[PDB]
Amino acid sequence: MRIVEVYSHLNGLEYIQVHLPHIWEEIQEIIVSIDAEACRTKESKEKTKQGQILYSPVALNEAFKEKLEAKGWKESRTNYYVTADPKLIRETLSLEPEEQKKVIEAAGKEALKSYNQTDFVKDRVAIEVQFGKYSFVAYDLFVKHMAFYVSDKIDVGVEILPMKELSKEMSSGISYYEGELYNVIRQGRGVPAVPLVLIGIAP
């Protein structure tokens, strides 16, 4: 596949190029190695596209998974305890799971265990590949990548998305690069706090 657009948020791309140059080389290689044609096997049942053979998100997801795990990218999970008290939250935000619980419960407040898990993490870099609803991209950017960043698990996050040129060749209602880039820029300079590299791809 082709890398059409790349956006470096908080200079996350430069950080990788300086500290983890092999990671950037590897990500580009993985994308270039994906044969989008072999993933064009989803026969649409939508009335507005009845019969068209579209790119399959399932096939695309499998293709990336195969290449990433083959390069040593592995699943990672980060745990943390949440609570209703804003102050206790700010206090335990950067502490270890065990201490977060201890601190919250020590104040007589209920500690609720939660977490975030992602399939592709390597050398303190997390990659998310998304071919689905708009809401999941917001969740990835402002919650998942952030959770791993705050818990000191990754230094930069990466989000791979289909350009509009590709999303229009998939089932309707799928998030695309241009739209998600806009959602991030709309936040204003410096938000979110986690450095990121947004990548828009096409066949």
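Residue positions are given as counts along the sequence shown, with the first one as 1.
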* Structure fact -> The stretch whose C-alpha atoms carry the larger average B-factor in the entry, 157-165 or 27-35, is 27-35
* Asked: According to the deposited model, is the average Cα temperature factor higher in 127-135 or in 68-76?
  -> 68-76
* To do: For the C-alpha B-factor as written in the entry, point me to the maximum among 21, 179, 12, 190.
  => 190
* To do: Grab the CA temperature factor for residue 150 from the record and place it in the lowest, middle or highest third of its chain.
  => highest
